[PDB]
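Here the structure is laid out as structure tokens; the discussion comes afterwards.
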Amino acid sequence: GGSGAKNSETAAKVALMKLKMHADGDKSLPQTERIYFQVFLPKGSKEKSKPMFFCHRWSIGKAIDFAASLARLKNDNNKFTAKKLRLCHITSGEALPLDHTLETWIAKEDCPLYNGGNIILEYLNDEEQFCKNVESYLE
């Protein structure tokens with residue numbers, strides 16, 4: 001990278017390395033529009049949490065397909081009549097719209113979200129849209 005401002009900018013930089021320090025990646029990444037989020041494991045392995053950042057600001061359809069990969073689970077997002085791991089909103093349960101874009105949600109006035117937020121990963125049919133009890137989402 002390369003930039004100098006301090007005072008305010010430092011607030012974002014210090015916060016970036018803070019999370020990235022635990023996540024899987026170098027604090028100094030090329031993607032300037034990259035995004036960071038905590039991937040809450042489905043709770044069923046040796047690890048409890050699995051942080052990771054990526055410029056998945058694109059369509060949500062790609063996020064899901066990617067989640068299955070990062071989570072090291074089975075998937076395909078094409079020809080499968082089973083349950084797939086999707087990305088839901090934190091403290092909400094609302095499953096991200098696969099037929100929409102992530103940026104749209106960030107610019108949304110009703111839900112002005114941005115990088116640095118939390119995300120949940122659970123096996124939910126593509127037909128789904130909103131999940132209940134974010135805590136018992138996996139039960």
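Every residue, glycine among them, receives a Cβ derived from its backbone with ideal geometry; neighbour counts consider all protein chains shown. Every number in this text was worked out from the coordinates using simple rules, so none of it is lab data.
Taking Cα pairs under 8 Å and at least six residues apart, what relative contact order does the stretch 30-123 come out at, in percent?
Values: 148 pairs, mean separation 33.5, N = 94.
36 percent.
If the segment from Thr104 to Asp126 were pulled out straight at 0.36 nm per residue, it would be longer than the present Cα-Cα gap by 6.0 nm. What FRET efficiency do you get for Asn133 and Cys111 if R0 is 22 Å and r is their Cβ-Cβ distance, rounded to the nearest 0.05? After rounding, the FRET efficiency stands at 0.65.
For the chain, what is the calculated [θ] at 222 nm in deg cm²/dmol (nearest 500), taking -39500 (n - 2.57) for each run of four or more DSSP H residues and dividing by its residue count? Walk me through the numbers before you get to the answer.
Details: 3 runs with 29 residues, N = 139.
Only helices count here, giving -6000 deg cm²/dmol.
Among the chymotrypsin sites (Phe, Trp or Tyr not before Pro) within the stretch 42-81, those in coil by DSSP and having at most 14 neighbouring Cβ atoms inside 10 Å are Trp58, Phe80. Restricting the stretch 1-65 to GluC sites (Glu not before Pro) that sit in a DSSP loop and have at most 13 other Cβ atoms within 10 Å of their own Cβ leaves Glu33, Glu47.
Extension gain for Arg72-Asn7 works out to 19.4 nm (0.36 nm per residue, less the C-alpha to C-alpha distance).
Beyond a 25 Å Cα-Cα separation, which of these cross-linked pairs lie in this structure: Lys6/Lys62; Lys43/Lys74; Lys43/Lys84? In this structure, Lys6/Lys62 lie more than 25 Å apart at Cα.
Would you work out the charge dipole size for the chain about its Cα centre, treating the Cβ of every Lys and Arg as +1 and the Cβ of every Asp and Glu as -1, and quote it to the nearest 20 debye?
Values: 20 positive and 18 negative charges, 134 e Å.
For the chain, the charge dipole is close to 640 debye.
Given the pairs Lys108/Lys132; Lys79/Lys132; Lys18/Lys50; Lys83/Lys132; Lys18/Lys48, which span a C-alpha to C-alpha distance of over 25 angstrom in this model? Where the Cα-Cα span goes over 25 Å, the pairs concerned are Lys79/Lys132.
Ordering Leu87, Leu124, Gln38 by the projection of their Cα atoms onto the charge dipole of the chain, which places +1 on the Cβ of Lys and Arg and -1 on the Cβ of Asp and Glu, puts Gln38 at the extreme positive end. Relative to the longest principal Cα axis of the chain, at what angle does helix 60-70 sit, 0 to 90 degrees, rounded to 10? Taking Cα atoms only, the helix is inclined about 90 degrees.
To the nearest ten degrees, helix 9-20 and the longest principal axis of the Cα atoms of the chain are 40 degrees apart. Cβ-to-Cβ counts within 10 Å put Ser49, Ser8, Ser59 in ascending order as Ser8, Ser49, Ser59, the fewest first. What the Cα convex hull of the chain gives, in volume per residue, is 126 Å³.
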